[PDB]
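*Asks:* Residue numbers (my numbering), protein chains in the order written: chain R, 1 to 180; chain V, 181 to 365.
One structure, pasted below without further comment.
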Amino acid sequence: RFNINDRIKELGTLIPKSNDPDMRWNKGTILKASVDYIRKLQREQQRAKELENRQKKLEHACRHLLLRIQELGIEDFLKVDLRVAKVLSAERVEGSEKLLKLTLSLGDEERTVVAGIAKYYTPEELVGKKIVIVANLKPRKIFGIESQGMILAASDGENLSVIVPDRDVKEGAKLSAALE
Amino acid sequence: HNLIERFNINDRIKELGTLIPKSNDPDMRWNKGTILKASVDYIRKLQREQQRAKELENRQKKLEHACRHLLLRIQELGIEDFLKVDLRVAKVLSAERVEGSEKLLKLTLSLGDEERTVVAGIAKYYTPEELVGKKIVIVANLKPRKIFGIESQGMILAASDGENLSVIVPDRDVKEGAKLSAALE
C-alpha cells in the first residue's frame, strides 16, 4: 500500500512547477498548490464543458456542409474493402457494457469482430443477420479480444443501426460503386 | 509568550475533501488516505479533460481557418489580421444593470439562429431602454470572458472621443447575424 506521505509526493508530481526554480516543496505547500490546482482545473472544466456543447453543434454543421463537397477519387474509394458478412454468433463481453463479440462468416472464412453495438443491439437480434463490415484491417486486440474488421453503422443520434443488403446475397460479396 | 506561532495538514485534507466528488455509496469510508488518493485521481482526470479540451479548441481553430480562407475574395489580400476579427450585427433583446457596478450593463443579444450574453461598459452613457431594440456591432469571436460571474460571449464595440461614448450601428437595416466585411472592388 501507499501511505499519506506517498500520496502527498504524488500530488507533488501532479502540480505545476510554479516556476521560481529555487523554492522547496513541503507537505503543506504541496497541499496548498493541490487545492488551488483543483479549483483552477474546475474552472477550466466549466469552460471546457461550454466549448464541448459548441463542438457538438459544429459537428452537426460539418456533416451538413460535407454534403456540399465532393472531392473523392475512385482509387481512394477502392482503398476500402466493404463486405457482406453473416452473424454466426454474438456474445456480450465481460467488464464492458458497450461491447459485443461477433463471429462472422465471409463465406470461405470466419472473422472475429469486437463491436460497439451492445447498447443498441441484442446478440439474439444479430445472430443470422447479414451486415456490412469494413473487411481489410490488421487484427487488433480490443478489451483482450483480437478483432479483425469494423462494422458499418448509422449513428443518427444516441441510437445505432447496422447496415444490411436489401436482398439476400451470399456472405463474402464485395460492395462496389462501379457500374459493371 | 502564550501563543504558538496558516493551516495544518488535516485542514488542507478536509478542504481537498470538499473539492472531490462523492462516492455515492453510504457504506463508503473517507479517511485521509482515500481523500488524498481520490485527489490524485481527480487531478489526473481533470488534466485529461483539459488536454481533450485543448485538442477540441485547436481543431475548431483549424475549421475557422479553412472557413476564412474559403470566404476569401480575390480583392482582400494582406488584411488577414482584420479578417480574423468576426464583426457581427446583433439585435439587443434585453438590457439590465449589473448589481455592484454602475459602469456595467448585461445585454441579451440576437444573432439570428443563436443568442449571446454580453457585458458592456456603457451603463454611464446608455440606459437599458435606450439600447433595447437596436442593432449594434460586436466582436463575436472573442473568447468567452467571465465578468461579475457573467460569461460574456464576445464583446460590443464602442467609440469614444473623450467626451461622448457611442455604440456602433449599421447605417441601414441589416439582418441580425450579418457578418461585416471590407467593401472593396
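Just so it is clear, CB atoms sit at the ideal spot from N, CA and C, and this is done for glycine as well.
1. Go through its chain and collect everything with a Cβ distance to residue 218/V's Cβ below 7 Å, but skip five positions before and after it.
2. Taking the C-alpha atoms as reference points, what is the distance between residue 86/R and residue 125/R?
3. If you compare alpha carbons, which of 61/R, 81/R, 168/R and 102/R is closest to residue 127/R?
4. Once you ignore the five residues that flank residue 350/V on each side, which residues in its own chain have a CB closer than 7 Å to its CB?
5. List the DSSP bridge partners of residue 150/R.
6. Could you tell me the alpha carbon to alpha carbon distance between residue 340/V and residue 317/V, rounded to whole angstroms?
7. Considering only residues of the segment 151 to 176 of chain R, which uninterrupted beta strand (DSSP E) runs meet the minimum length of 3 residues and lie entirely inside it, listed in chain order?
8. May I ask which residues mark the beginning and end of the alpha helix (DSSP H) holding residue 122/R?
9. Could you compute how far the alpha carbon of residue 8/R sits from the alpha carbon of residue 39/R?
10. Using the Cα positions of residue 296/V and residue 348/V, report the straight-line distance between them to the nearest angstrom.
11. For residue 69/R, report the span of its beta strand (DSSP E) as first-last.
12. DSSP three-state label for residue 24/R, please.
13. Whose Cβ in chain R lies nearer than 7 Å to the Cβ of residue 229/V?
14. Would residue 18/R pass as an interface residue toward chain V - the criterion being a Cβ-Cβ separation below 8 Å?
15. Are residue 289/V and residue 278/V close, meaning C-beta to C-beta below 8 Å?
16. What is the DSSP secondary structure of residue 200/V, reduced to helix, strand or coil?
17. Helix, strand or coil for residue 295/V, going by three-state DSSP, please let me know.
18. Check distances from the C-beta atoms of the segment 233 to 260 of chain V to those of chain R and list, in chain order, the residues that come in under 8 Å.
19. Measure the beta-carbon distance from residue 137/V to residue 328/V and round it to whole angstroms, keeping in mind my assumption that it falls under 8 Å.
20. Assign residue 312/V to one of three DSSP states: helix, strand, or coil.
21. Chain V beta carbons: is any one of them nearer than 8 Å to that of residue 12/R?
22. If we cut at 8 Å on Cβ distances, does residue 24/R have a partner in chain V?
23. For the segment 20 to 32 of chain R against the segment 238 to 248 of chain V, are there 3 or more C-beta pairs whose distance is under 8 Å?
24. Identify the contact partners of residue 8/R in chain V, using a Cβ-Cβ distance below 8 Å as the criterion.
25. Hey, residue 149/R and residue 135/R are a contact pair by Cβ (cut 8 Å); roughly how many whole angstroms apart?
26. Do you know how far the Cα of residue 96/R is from the Cα of residue 25/R?
27. From what residue to what residue does the beta strand (DSSP E) around residue 141/R run?
28. Return yes when the Cβ of residue 77/R is within less than 8 Å of the Cβ of residue 177/R, no when it is not.
29. Can you pull the chain V residues whose beta carbon is under 8 Å from the beta carbon of residue 28/R, in chain order?
30. Alpha carbons only, please: which of 139/R, 161/R and 63/R is nearest the one belonging to residue 120/R?
31. In chain A, which residues lie with their C-beta within 8 Å of the C-beta of residue 324/V?
32. Within the continuous alpha helix (DSSP H) that includes residue 260/V, where are the two ends?
33. Determine which residues share a DSSP beta bridge with residue 91/R and list them.
*Replies:* In this structure, then:
1. 200
2. It is roughly 12 Å from the alpha-carbon of residue 86/R to the alpha-carbon of residue 125/R.
3. 102/R
4. 269 and 315
5. 134/R
6. 15 Å
7. none
8. Element bounds for residue 122/R: n/a, residue is neither H nor E.
9. Residue 8/R and residue 39/R have their alpha carbons spaced roughly 17 Å apart.
10. 17 Å
11. Taken as a continuous stretch (DSSP letters only), residue 69/R belongs to no beta strand (DSSP E), as it is neither H nor E.
12. coil
13. 45 and 48
14. Residue-level contact by beta carbon fails for residue 18/R and chain V, as no gap is shorter than 8 Å.
15. no
16. coil
17. strand
18. 233, 236, 237, 240 and 243
19. Any answer about residue 137/V is impossible in this case: the structure gives chain V only from 181 up to 365.
20. In this structure, DSSP gives residue 312/V a state outside helix and strand, which the three-state scheme calls coil.
21. It does not: the Cβ of residue 12/R has no partner Cβ on chain V nearer than 8 Å.
22. no
23. no
24. 216
25. About 6 Å separates the two Cβ atoms, so the contact holds.
26. 41 Å
27. 140 to 142
28. yes
29. 187, 188, 189 and 192
30. Among 139/R, 161/R and 63/R, the Cα nearest to that of residue 120/R is on 161/R.
31. In the structure shown, chain A cannot be found, because the protein chains are R and V.
32. 260 to 264
33. 101/R
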